[PDB]
>>> print(open('coords14.txt').read())   # compact mmCIF, N, CA and C atoms
# COMPACT_ATOMS: atom_id res chain seq x y z
N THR A 169 45.19 -28.84 -101.65
CA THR A 169 44.05 -29.33 -100.88
C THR A 169 43.60 -28.36 -99.80
N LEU A 170 44.47 -27.45 -99.34
CA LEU A 170 44.01 -26.58 -98.27
C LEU A 170 43.87 -25.14 -98.74
N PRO A 171 42.80 -24.44 -98.36
CA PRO A 171 42.70 -23.01 -98.65
C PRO A 171 43.73 -22.22 -97.86
N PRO A 172 44.26 -21.15 -98.44
CA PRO A 172 45.24 -20.32 -97.74
C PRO A 172 44.58 -19.44 -96.69
N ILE A 173 45.33 -19.18 -95.63
CA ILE A 173 44.95 -18.18 -94.64
C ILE A 173 46.11 -17.21 -94.48
N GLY A 174 45.79 -15.94 -94.30
CA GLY A 174 46.81 -14.93 -94.05
C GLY A 174 46.48 -14.12 -92.82
N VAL A 175 47.51 -13.86 -92.00
CA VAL A 175 47.36 -13.07 -90.80
C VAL A 175 48.14 -11.78 -90.98
N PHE A 176 47.51 -10.66 -90.65
CA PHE A 176 48.06 -9.32 -90.82
C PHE A 176 47.87 -8.64 -89.47
N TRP A 177 48.96 -8.46 -88.71
CA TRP A 177 48.88 -8.05 -87.32
C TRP A 177 49.46 -6.66 -87.16
N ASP A 178 48.58 -5.72 -86.81
CA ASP A 178 48.86 -4.30 -86.56
C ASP A 178 49.28 -4.20 -85.10
N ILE A 179 50.56 -4.49 -84.85
CA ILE A 179 51.05 -4.65 -83.49
C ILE A 179 50.90 -3.37 -82.67
N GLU A 180 51.11 -2.21 -83.29
CA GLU A 180 51.01 -1.00 -82.48
C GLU A 180 49.57 -0.74 -82.01
N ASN A 181 48.57 -1.22 -82.76
CA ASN A 181 47.18 -1.06 -82.34
C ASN A 181 46.67 -2.23 -81.50
N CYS A 182 47.23 -3.43 -81.67
CA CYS A 182 46.89 -4.60 -80.88
C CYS A 182 48.19 -5.18 -80.32
N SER A 183 48.73 -4.50 -79.32
CA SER A 183 50.04 -4.79 -78.78
C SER A 183 49.98 -5.91 -77.74
N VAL A 184 51.11 -6.60 -77.56
CA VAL A 184 51.25 -7.61 -76.52
C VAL A 184 51.62 -6.93 -75.22
N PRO A 185 50.75 -6.95 -74.21
CA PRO A 185 51.03 -6.20 -72.97
C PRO A 185 52.22 -6.78 -72.21
N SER A 186 52.89 -5.89 -71.48
CA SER A 186 54.05 -6.27 -70.68
C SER A 186 53.74 -7.49 -69.80
N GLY A 187 54.65 -8.45 -69.80
CA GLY A 187 54.48 -9.68 -69.06
C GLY A 187 53.91 -10.83 -69.88
N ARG A 188 53.31 -10.54 -71.02
CA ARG A 188 52.62 -11.57 -71.79
C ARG A 188 53.44 -12.04 -72.99
N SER A 189 53.16 -13.27 -73.41
CA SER A 189 53.94 -13.97 -74.42
C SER A 189 53.35 -13.73 -75.80
N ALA A 190 54.21 -13.36 -76.75
CA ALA A 190 53.78 -13.30 -78.15
C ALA A 190 53.66 -14.69 -78.75
N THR A 191 54.49 -15.64 -78.30
CA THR A 191 54.39 -17.02 -78.77
C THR A 191 53.00 -17.57 -78.51
N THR A 192 52.45 -17.33 -77.32
CA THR A 192 51.10 -17.80 -77.05
C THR A 192 50.05 -17.05 -77.86
N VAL A 193 50.27 -15.77 -78.16
CA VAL A 193 49.36 -15.08 -79.07
C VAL A 193 49.33 -15.78 -80.43
N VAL A 194 50.51 -16.05 -81.00
CA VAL A 194 50.57 -16.70 -82.31
C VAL A 194 49.93 -18.08 -82.23
N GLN A 195 50.29 -18.84 -81.21
CA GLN A 195 49.71 -20.17 -81.02
C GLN A 195 48.19 -20.10 -80.95
N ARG A 196 47.63 -19.11 -80.25
CA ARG A 196 46.16 -19.05 -80.15
C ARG A 196 45.51 -18.57 -81.45
N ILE A 197 46.17 -17.69 -82.20
CA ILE A 197 45.65 -17.32 -83.52
C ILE A 197 45.57 -18.56 -84.41
N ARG A 198 46.63 -19.36 -84.40
CA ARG A 198 46.65 -20.55 -85.25
C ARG A 198 45.62 -21.57 -84.79
N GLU A 199 45.54 -21.83 -83.48
CA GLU A 199 44.57 -22.79 -82.98
C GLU A 199 43.15 -22.35 -83.27
N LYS A 200 42.88 -21.05 -83.21
CA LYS A 200 41.49 -20.62 -83.36
C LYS A 200 41.06 -20.51 -84.82
N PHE A 201 41.97 -20.14 -85.73
CA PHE A 201 41.58 -19.85 -87.11
C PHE A 201 42.15 -20.78 -88.17
N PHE A 202 43.24 -21.51 -87.91
CA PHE A 202 43.96 -22.18 -89.00
C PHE A 202 43.44 -23.57 -89.34
N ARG A 203 42.50 -24.11 -88.56
CA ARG A 203 41.93 -25.43 -88.87
C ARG A 203 41.55 -25.54 -90.34
N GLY A 204 42.07 -26.56 -91.01
CA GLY A 204 41.68 -26.79 -92.39
C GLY A 204 42.19 -25.77 -93.39
N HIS A 205 43.16 -24.96 -93.00
CA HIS A 205 43.82 -24.00 -93.88
C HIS A 205 45.32 -24.26 -93.90
N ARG A 206 46.00 -23.68 -94.88
CA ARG A 206 47.46 -23.62 -94.91
C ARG A 206 47.87 -22.17 -94.72
N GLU A 207 48.87 -21.92 -93.87
CA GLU A 207 49.38 -20.56 -93.71
C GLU A 207 50.05 -20.09 -94.99
N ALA A 208 49.58 -18.96 -95.54
CA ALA A 208 50.15 -18.35 -96.72
C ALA A 208 50.76 -16.99 -96.45
N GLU A 209 50.40 -16.35 -95.34
CA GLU A 209 51.00 -15.09 -94.96
C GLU A 209 50.89 -15.00 -93.45
N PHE A 210 51.93 -14.50 -92.81
CA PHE A 210 51.82 -14.13 -91.40
C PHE A 210 52.78 -12.96 -91.19
N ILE A 211 52.24 -11.76 -91.15
CA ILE A 211 53.08 -10.57 -91.09
C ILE A 211 52.66 -9.73 -89.89
N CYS A 212 53.64 -9.25 -89.14
CA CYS A 212 53.42 -8.42 -87.97
C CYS A 212 54.13 -7.10 -88.23
N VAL A 213 53.37 -6.01 -88.36
CA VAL A 213 53.94 -4.74 -88.80
C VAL A 213 54.08 -3.83 -87.58
N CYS A 214 55.29 -3.33 -87.33
CA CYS A 214 55.52 -2.43 -86.20
C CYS A 214 56.84 -1.69 -86.38
N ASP A 215 57.08 -0.72 -85.49
CA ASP A 215 58.41 -0.15 -85.29
C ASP A 215 59.06 -0.99 -84.20
N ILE A 216 60.06 -1.80 -84.56
CA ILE A 216 60.53 -2.80 -83.60
C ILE A 216 61.27 -2.14 -82.45
N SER A 217 61.76 -0.92 -82.65
CA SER A 217 62.43 -0.19 -81.58
C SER A 217 61.48 0.21 -80.46
N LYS A 218 60.18 0.27 -80.74
CA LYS A 218 59.21 0.60 -79.72
C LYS A 218 58.64 -0.63 -79.03
N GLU A 219 58.95 -1.83 -79.51
CA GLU A 219 58.36 -3.02 -78.93
C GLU A 219 59.35 -3.69 -77.98
N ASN A 220 58.79 -4.45 -77.05
CA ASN A 220 59.60 -5.21 -76.12
C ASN A 220 60.47 -6.17 -76.91
N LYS A 221 61.76 -6.18 -76.61
CA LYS A 221 62.69 -6.99 -77.39
C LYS A 221 62.37 -8.48 -77.29
N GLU A 222 61.89 -8.96 -76.13
CA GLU A 222 61.55 -10.38 -76.02
C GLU A 222 60.34 -10.71 -76.89
N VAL A 223 59.41 -9.77 -77.04
CA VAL A 223 58.28 -9.95 -77.95
C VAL A 223 58.78 -10.17 -79.37
N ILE A 224 59.66 -9.28 -79.85
CA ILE A 224 60.27 -9.44 -81.17
C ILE A 224 61.01 -10.77 -81.28
N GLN A 225 61.76 -11.13 -80.23
CA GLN A 225 62.48 -12.40 -80.25
C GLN A 225 61.52 -13.57 -80.40
N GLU A 226 60.40 -13.52 -79.69
CA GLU A 226 59.44 -14.62 -79.76
C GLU A 226 58.80 -14.71 -81.14
N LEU A 227 58.47 -13.56 -81.74
CA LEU A 227 57.92 -13.57 -83.11
C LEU A 227 58.92 -14.17 -84.09
N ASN A 228 60.20 -13.76 -84.00
CA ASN A 228 61.24 -14.36 -84.83
C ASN A 228 61.26 -15.87 -84.66
N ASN A 229 61.16 -16.33 -83.41
CA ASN A 229 61.19 -17.77 -83.15
C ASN A 229 59.94 -18.48 -83.67
N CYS A 230 58.79 -17.78 -83.74
CA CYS A 230 57.57 -18.32 -84.33
C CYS A 230 57.63 -18.37 -85.85
N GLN A 231 58.69 -17.88 -86.47
CA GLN A 231 58.89 -17.98 -87.92
C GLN A 231 57.85 -17.20 -88.71
N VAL A 232 57.39 -16.09 -88.15
CA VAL A 232 56.54 -15.16 -88.86
C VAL A 232 57.36 -13.92 -89.19
N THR A 233 56.84 -13.12 -90.11
CA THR A 233 57.54 -11.93 -90.58
C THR A 233 57.29 -10.77 -89.64
N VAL A 234 58.36 -10.14 -89.18
CA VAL A 234 58.28 -8.91 -88.41
C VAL A 234 58.69 -7.80 -89.37
N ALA A 235 57.71 -7.14 -89.95
CA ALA A 235 58.00 -6.11 -90.94
C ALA A 235 58.17 -4.79 -90.20
N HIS A 236 59.41 -4.30 -90.16
CA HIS A 236 59.72 -3.09 -89.40
C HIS A 236 59.43 -1.86 -90.24
N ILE A 237 58.75 -0.88 -89.64
CA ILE A 237 58.52 0.41 -90.26
C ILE A 237 58.94 1.48 -89.26
N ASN A 238 59.79 2.41 -89.69
CA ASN A 238 60.09 3.57 -88.86
C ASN A 238 58.79 4.33 -88.63
N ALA A 239 58.41 4.47 -87.36
CA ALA A 239 57.16 5.15 -87.01
C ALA A 239 57.20 6.65 -87.29
N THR A 240 58.36 7.21 -87.59
CA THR A 240 58.38 8.61 -87.93
C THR A 240 57.67 8.84 -89.23
N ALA A 241 57.60 7.78 -90.01
CA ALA A 241 56.96 7.83 -91.22
C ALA A 241 55.51 7.60 -91.14
N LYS A 242 54.80 8.70 -91.19
CA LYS A 242 53.44 8.72 -91.64
C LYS A 242 52.43 7.58 -91.30
N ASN A 243 51.88 7.15 -92.40
CA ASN A 243 50.93 6.13 -92.58
C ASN A 243 51.75 4.92 -93.07
N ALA A 244 53.05 4.93 -92.87
CA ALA A 244 53.84 3.83 -93.44
C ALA A 244 53.50 2.46 -92.86
N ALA A 245 53.05 2.39 -91.60
CA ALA A 245 52.61 1.09 -91.07
C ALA A 245 51.30 0.66 -91.73
N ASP A 246 50.34 1.58 -91.83
CA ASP A 246 49.11 1.30 -92.55
C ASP A 246 49.40 0.89 -93.99
N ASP A 247 50.31 1.61 -94.66
CA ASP A 247 50.69 1.23 -96.02
C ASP A 247 51.26 -0.18 -96.09
N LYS A 248 52.12 -0.56 -95.14
CA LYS A 248 52.69 -1.90 -95.22
C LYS A 248 51.61 -2.97 -95.09
N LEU A 249 50.64 -2.73 -94.22
CA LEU A 249 49.58 -3.72 -94.04
C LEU A 249 48.68 -3.78 -95.26
N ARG A 250 48.28 -2.62 -95.79
CA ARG A 250 47.51 -2.58 -97.04
C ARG A 250 48.24 -3.29 -98.16
N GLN A 251 49.53 -3.00 -98.33
CA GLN A 251 50.31 -3.63 -99.39
C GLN A 251 50.30 -5.15 -99.24
N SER A 252 50.50 -5.65 -98.02
CA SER A 252 50.56 -7.10 -97.81
C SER A 252 49.21 -7.77 -98.08
N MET A 253 48.11 -7.12 -97.67
CA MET A 253 46.76 -7.63 -97.94
C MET A 253 46.40 -7.61 -99.43
N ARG A 254 46.76 -6.52 -100.13
CA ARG A 254 46.55 -6.46 -101.58
C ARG A 254 47.36 -7.53 -102.29
N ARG A 255 48.62 -7.73 -101.86
CA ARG A 255 49.44 -8.82 -102.41
C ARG A 255 48.79 -10.17 -102.18
N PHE A 256 48.26 -10.41 -100.97
CA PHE A 256 47.53 -11.65 -100.71
C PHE A 256 46.35 -11.79 -101.68
N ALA A 257 45.62 -10.70 -101.92
CA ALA A 257 44.44 -10.79 -102.76
C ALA A 257 44.82 -11.02 -104.22
N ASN A 258 45.98 -10.54 -104.63
CA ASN A 258 46.52 -10.75 -105.98
C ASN A 258 47.14 -12.12 -106.18
N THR A 259 47.58 -12.78 -105.11
CA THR A 259 48.21 -14.09 -105.15
C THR A 259 47.20 -15.23 -105.08
N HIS A 260 46.18 -15.10 -104.24
CA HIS A 260 45.27 -16.20 -103.96
C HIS A 260 43.88 -15.91 -104.51
N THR A 261 43.16 -16.99 -104.76
CA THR A 261 41.78 -16.92 -105.19
C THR A 261 40.93 -17.66 -104.17
N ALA A 262 39.66 -17.33 -104.12
CA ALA A 262 38.77 -17.92 -103.15
C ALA A 262 38.65 -19.44 -103.41
N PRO A 263 38.43 -20.25 -102.36
CA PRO A 263 38.27 -19.81 -100.97
C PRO A 263 39.59 -19.45 -100.30
N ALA A 264 39.55 -18.38 -99.52
CA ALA A 264 40.70 -17.92 -98.75
C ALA A 264 40.19 -17.14 -97.56
N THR A 265 40.99 -17.08 -96.50
CA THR A 265 40.62 -16.40 -95.27
C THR A 265 41.70 -15.40 -94.91
N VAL A 266 41.31 -14.19 -94.50
CA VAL A 266 42.29 -13.24 -93.97
C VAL A 266 41.91 -12.88 -92.54
N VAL A 267 42.91 -12.88 -91.67
CA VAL A 267 42.76 -12.46 -90.29
C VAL A 267 43.48 -11.12 -90.17
N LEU A 268 42.73 -10.07 -89.86
CA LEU A 268 43.33 -8.77 -89.62
C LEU A 268 43.24 -8.52 -88.13
N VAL A 269 44.39 -8.28 -87.50
CA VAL A 269 44.46 -7.99 -86.08
C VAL A 269 44.70 -6.49 -85.96
N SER A 270 43.63 -5.71 -85.88
CA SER A 270 43.76 -4.27 -85.86
C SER A 270 42.46 -3.68 -85.33
N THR A 271 42.53 -2.40 -84.99
CA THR A 271 41.35 -1.62 -84.67
C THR A 271 41.14 -0.47 -85.65
N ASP A 272 42.03 -0.31 -86.64
CA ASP A 272 42.17 0.94 -87.38
C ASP A 272 41.18 1.03 -88.53
N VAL A 273 40.29 2.03 -88.47
CA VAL A 273 39.27 2.27 -89.49
C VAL A 273 39.86 2.42 -90.89
N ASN A 274 41.13 2.80 -90.98
CA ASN A 274 41.77 2.97 -92.28
C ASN A 274 41.92 1.66 -93.06
N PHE A 275 41.62 0.52 -92.46
CA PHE A 275 41.62 -0.74 -93.21
C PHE A 275 40.24 -1.15 -93.71
N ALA A 276 39.20 -0.34 -93.45
CA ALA A 276 37.84 -0.72 -93.85
C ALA A 276 37.75 -1.10 -95.33
N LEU A 277 38.26 -0.23 -96.21
CA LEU A 277 38.20 -0.52 -97.65
C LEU A 277 38.80 -1.88 -97.94
N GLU A 278 39.97 -2.14 -97.36
CA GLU A 278 40.64 -3.40 -97.62
C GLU A 278 39.74 -4.56 -97.23
N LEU A 279 39.16 -4.50 -96.02
CA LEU A 279 38.32 -5.60 -95.57
C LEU A 279 37.14 -5.77 -96.52
N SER A 280 36.55 -4.65 -96.95
CA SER A 280 35.43 -4.74 -97.89
C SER A 280 35.88 -5.36 -99.22
N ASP A 281 36.96 -4.82 -99.82
CA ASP A 281 37.40 -5.31 -101.12
C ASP A 281 37.75 -6.79 -101.05
N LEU A 282 38.44 -7.21 -99.99
CA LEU A 282 38.83 -8.61 -99.91
C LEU A 282 37.60 -9.49 -99.71
N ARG A 283 36.59 -8.99 -98.99
CA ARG A 283 35.38 -9.78 -98.78
C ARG A 283 34.55 -9.87 -100.05
N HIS A 284 34.28 -8.73 -100.69
CA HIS A 284 33.28 -8.72 -101.77
C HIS A 284 33.87 -8.84 -103.16
N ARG A 285 34.95 -8.11 -103.43
CA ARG A 285 35.64 -8.21 -104.71
C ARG A 285 36.50 -9.46 -104.83
N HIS A 286 36.94 -10.07 -103.72
CA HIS A 286 37.71 -11.30 -103.83
C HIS A 286 37.01 -12.53 -103.26
N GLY A 287 35.90 -12.36 -102.55
CA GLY A 287 35.21 -13.52 -101.99
C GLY A 287 35.88 -14.15 -100.78
N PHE A 288 36.79 -13.44 -100.13
CA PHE A 288 37.53 -14.00 -99.00
C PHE A 288 36.68 -13.95 -97.74
N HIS A 289 36.92 -14.89 -96.84
CA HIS A 289 36.35 -14.85 -95.50
C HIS A 289 37.21 -13.94 -94.62
N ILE A 290 36.58 -12.99 -93.92
CA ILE A 290 37.27 -11.95 -93.17
C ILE A 290 37.10 -12.18 -91.66
N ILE A 291 38.23 -12.28 -90.95
CA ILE A 291 38.23 -12.40 -89.50
C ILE A 291 38.90 -11.15 -88.96
N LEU A 292 38.17 -10.37 -88.15
CA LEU A 292 38.72 -9.16 -87.53
C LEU A 292 38.95 -9.44 -86.05
N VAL A 293 40.20 -9.33 -85.62
CA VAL A 293 40.57 -9.47 -84.22
C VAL A 293 40.89 -8.07 -83.73
N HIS A 294 40.11 -7.58 -82.78
CA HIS A 294 40.16 -6.17 -82.46
C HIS A 294 40.11 -5.98 -80.96
N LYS A 295 40.70 -4.89 -80.50
CA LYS A 295 40.49 -4.53 -79.11
C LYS A 295 39.16 -3.80 -78.99
N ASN A 296 38.68 -3.68 -77.76
CA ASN A 296 37.51 -2.85 -77.55
C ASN A 296 37.83 -1.43 -78.01
N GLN A 297 36.78 -0.71 -78.44
CA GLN A 297 36.89 0.61 -79.05
C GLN A 297 37.35 0.48 -80.50
N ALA A 298 36.87 -0.55 -81.19
CA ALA A 298 37.21 -0.74 -82.59
C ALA A 298 36.23 0.00 -83.48
N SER A 299 36.71 0.43 -84.64
CA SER A 299 35.87 1.16 -85.58
C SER A 299 34.72 0.29 -86.06
N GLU A 300 33.50 0.78 -85.84
CA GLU A 300 32.30 0.07 -86.28
C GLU A 300 32.25 -0.02 -87.81
N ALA A 301 32.69 1.03 -88.50
CA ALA A 301 32.85 0.96 -89.94
C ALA A 301 33.77 -0.19 -90.33
N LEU A 302 34.81 -0.44 -89.52
CA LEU A 302 35.68 -1.59 -89.75
C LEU A 302 34.98 -2.89 -89.38
N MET A 303 34.22 -2.90 -88.30
CA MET A 303 33.59 -4.12 -87.87
C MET A 303 32.55 -4.63 -88.77
N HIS A 304 31.87 -3.73 -89.45
CA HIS A 304 30.80 -4.12 -90.37
C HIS A 304 31.29 -5.01 -91.51
N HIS A 305 32.53 -4.87 -91.93
CA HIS A 305 32.98 -5.69 -93.05
C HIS A 305 33.37 -7.11 -92.68
N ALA A 306 33.62 -7.40 -91.41
CA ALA A 306 34.13 -8.71 -91.07
C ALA A 306 33.01 -9.75 -91.10
N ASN A 307 33.39 -10.96 -91.51
CA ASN A 307 32.50 -12.11 -91.33
C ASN A 307 32.47 -12.57 -89.88
N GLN A 308 33.62 -12.57 -89.18
CA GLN A 308 33.58 -12.87 -87.75
C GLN A 308 34.44 -11.86 -87.01
N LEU A 309 33.93 -11.43 -85.86
CA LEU A 309 34.59 -10.48 -84.98
C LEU A 309 35.04 -11.19 -83.71
N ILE A 310 36.29 -10.99 -83.33
CA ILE A 310 36.87 -11.61 -82.14
C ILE A 310 37.59 -10.53 -81.35
N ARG A 311 37.44 -10.53 -80.03
CA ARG A 311 38.14 -9.55 -79.21
C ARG A 311 39.59 -9.97 -79.02
N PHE A 312 40.50 -9.01 -79.17
CA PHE A 312 41.92 -9.30 -79.03
C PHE A 312 42.28 -9.76 -77.62
N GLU A 313 41.47 -9.39 -76.63
CA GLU A 313 41.73 -9.77 -75.25
C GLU A 313 41.80 -11.28 -75.08
N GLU A 314 41.11 -12.04 -75.94
CA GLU A 314 41.16 -13.49 -75.86
C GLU A 314 42.56 -14.04 -76.10
N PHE A 315 43.43 -13.28 -76.75
CA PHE A 315 44.74 -13.78 -77.12
C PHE A 315 45.82 -13.36 -76.13
N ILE A 316 45.50 -12.45 -75.20
CA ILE A 316 46.49 -11.85 -74.32
C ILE A 316 46.08 -11.93 -72.85
N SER A 317 45.24 -12.90 -72.48
CA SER A 317 44.90 -13.08 -71.06
C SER A 317 44.96 -14.57 -70.74
N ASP A 318 44.55 -14.91 -69.52
CA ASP A 318 44.53 -16.29 -69.06
C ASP A 318 43.09 -16.77 -68.87
>>> encode(input="coords14.txt", output="structure tokens")
Amino acid sequence: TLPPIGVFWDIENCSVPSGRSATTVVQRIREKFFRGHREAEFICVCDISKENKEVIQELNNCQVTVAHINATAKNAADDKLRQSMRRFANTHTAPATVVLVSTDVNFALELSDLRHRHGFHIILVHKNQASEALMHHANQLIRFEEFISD
């Protein structure tokens, strides 16, 4: 009965600032986007050694996936996010919604393919200074600052 929603969070590009709660970030993502959907993916891709340990602890407690990538590796974070989004597109059929929390222009193709080749609704959560090529593919654009302030 419910369409799937997937969240793909590029933590190194949209990081939780010192002092702020990741639990409240997740809670606000769900409150703002998950109405009338079922969660089918929630993945947060980062090098966990570079992130605040309490942030990682809170994500673990939120029961979402913290996919660790050694940052010495290349485009390996971008690859993990692309892989997870392609897997979502191969698993689900429209109607479906994807929330990408990133600023990185290297996801433009993905956003386009998921929107047009799969018919998915695209939500881009981005910090200021986001790639306009990336922004053009989203159905709705939201500033990441809404999730990390009061």
>>> closest_residue(input="coords14.txt", among="A:266, A:224, A:239, A:277", to="residue 302 of chain A", atoms="only N, CA and C atoms")
A:277
>>> residues_around(input="coords14.txt", residues="residue 298 of chain A", least_positions_apart="3", cutoff="6 Å", atoms="only N, CA and C atoms", output="list in words")
residues 271, 295 and 303 of chain A
>>> residues_around(input="coords14.txt", residues="residue 231 of chain A", least_positions_apart="4", cutoff="10 Å", atoms="only C-alpha atoms", output="number ranges by chain")
A: 210-211, 226-227
>>> write_last_selection(input="coords14.txt", atoms="N, CA and C atoms", output="PDB file, keeping the file's coordinate frame")
ATOM      1  N   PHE A 210      51.930 -14.500 -92.810  1.00  0.00           N
ATOM      2  CA  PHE A 210      51.820 -14.130 -91.400  1.00  0.00           C
ATOM      3  C   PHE A 210      52.780 -12.960 -91.190  1.00  0.00           C
ATOM      4  N   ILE A 211      52.240 -11.760 -91.150  1.00  0.00           N
ATOM      5  CA  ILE A 211      53.080 -10.570 -91.090  1.00  0.00           C
ATOM      6  C   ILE A 211      52.660  -9.730 -89.890  1.00  0.00           C
ATOM      7  N   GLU A 226      60.400 -13.520 -79.690  1.00  0.00           N
ATOM      8  CA  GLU A 226      59.440 -14.620 -79.760  1.00  0.00           C
ATOM      9  C   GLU A 226      58.800 -14.710 -81.140  1.00  0.00           C
ATOM     10  N   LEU A 227      58.470 -13.560 -81.740  1.00  0.00           N
ATOM     11  CA  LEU A 227      57.920 -13.570 -83.110  1.00  0.00           C
ATOM     12  C   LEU A 227      58.920 -14.170 -84.090  1.00  0.00           C
TER      13      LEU A 227
END
>>> closest_residue(input="coords14.txt", among="A:308, A:299, A:238, A:192", to="residue 216 of chain A", atoms="only N, CA and C atoms")
A:238
>>> closest_residue(input="coords14.txt", among="A:193, A:250, A:263, A:187", to="residue 287 of chain A", atoms="only N, CA and C atoms")
A:263
>>> closest_residue(input="coords14.txt", among="A:262, A:223, A:247, A:235", to="residue 188 of chain A", atoms="all atoms listed in the file")
A:223
>>> residues_near_point(input="coords14.txt", point="(40.2, -1.7, -77.7)", cutoff="12 Å", atoms="only C-alpha atoms", output="list in words")
residues 180, 181, 182, 183, 269, 270, 271, 272, 293, 294, 295, 296, 297, 298, 299, 300, 310, 311, 312, 313 and 314 of chain A
>>> build_atoms(input="coords14.txt", residues="segment 215-231 of chain A", atoms="N, CA, C and O atoms", output="short mmCIF file (atom, residue, chain, number, x, y, z; two decimals), in the coordinates of the input")
data_model
loop_
_atom_site.label_atom_id
_atom_site.label_comp_id
_atom_site.auth_asym_id
_atom_site.auth_seq_id
_atom_site.Cartn_x
_atom_site.Cartn_y
_atom_site.Cartn_z
N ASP A 215 57.08 -0.72 -85.49
CA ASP A 215 58.41 -0.15 -85.29
C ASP A 215 59.06 -0.99 -84.20
O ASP A 215 58.61 -0.97 -83.05
N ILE A 216 60.06 -1.80 -84.56
CA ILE A 216 60.53 -2.80 -83.60
C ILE A 216 61.27 -2.14 -82.45
O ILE A 216 61.40 -2.75 -81.38
N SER A 217 61.76 -0.92 -82.65
CA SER A 217 62.43 -0.19 -81.58
C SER A 217 61.48 0.21 -80.46
O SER A 217 61.92 0.44 -79.33
N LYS A 218 60.18 0.27 -80.74
CA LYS A 218 59.21 0.60 -79.72
C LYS A 218 58.64 -0.63 -79.03
O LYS A 218 57.92 -0.48 -78.03
N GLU A 219 58.95 -1.83 -79.51
CA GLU A 219 58.36 -3.02 -78.93
C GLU A 219 59.35 -3.69 -77.98
O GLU A 219 60.57 -3.54 -78.10
N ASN A 220 58.79 -4.45 -77.05
CA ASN A 220 59.60 -5.21 -76.12
C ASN A 220 60.47 -6.17 -76.91
O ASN A 220 59.98 -6.85 -77.82
N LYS A 221 61.76 -6.18 -76.61
CA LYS A 221 62.69 -6.99 -77.39
C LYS A 221 62.37 -8.48 -77.29
O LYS A 221 62.62 -9.23 -78.25
N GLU A 222 61.89 -8.96 -76.13
CA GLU A 222 61.55 -10.38 -76.02
C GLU A 222 60.34 -10.71 -76.89
O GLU A 222 60.24 -11.83 -77.40
N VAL A 223 59.41 -9.77 -77.04
CA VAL A 223 58.28 -9.95 -77.95
C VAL A 223 58.78 -10.17 -79.37
O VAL A 223 58.38 -11.14 -80.04
N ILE A 224 59.66 -9.28 -79.85
CA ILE A 224 60.27 -9.44 -81.17
C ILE A 224 61.01 -10.77 -81.28
O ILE A 224 60.92 -11.47 -82.29
N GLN A 225 61.76 -11.13 -80.23
CA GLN A 225 62.48 -12.40 -80.25
C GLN A 225 61.52 -13.57 -80.40
O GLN A 225 61.77 -14.52 -81.17
N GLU A 226 60.40 -13.52 -79.69
CA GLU A 226 59.44 -14.62 -79.76
C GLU A 226 58.80 -14.71 -81.14
O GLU A 226 58.59 -15.81 -81.65
N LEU A 227 58.47 -13.56 -81.74
CA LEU A 227 57.92 -13.57 -83.11
C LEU A 227 58.92 -14.17 -84.09
O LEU A 227 58.55 -14.97 -84.96
N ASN A 228 60.20 -13.76 -84.00
CA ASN A 228 61.24 -14.36 -84.83
C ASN A 228 61.26 -15.87 -84.66
O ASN A 228 61.39 -16.63 -85.63
N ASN A 229 61.16 -16.33 -83.41
CA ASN A 229 61.19 -17.77 -83.15
C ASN A 229 59.94 -18.48 -83.67
O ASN A 229 60.02 -19.68 -84.01
N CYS A 230 58.79 -17.78 -83.74
CA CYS A 230 57.57 -18.32 -84.33
C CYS A 230 57.63 -18.37 -85.85
O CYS A 230 56.66 -18.84 -86.47
N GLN A 231 58.69 -17.88 -86.47
CA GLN A 231 58.89 -17.98 -87.92
C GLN A 231 57.85 -17.20 -88.71
O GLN A 231 57.43 -17.62 -89.80
#
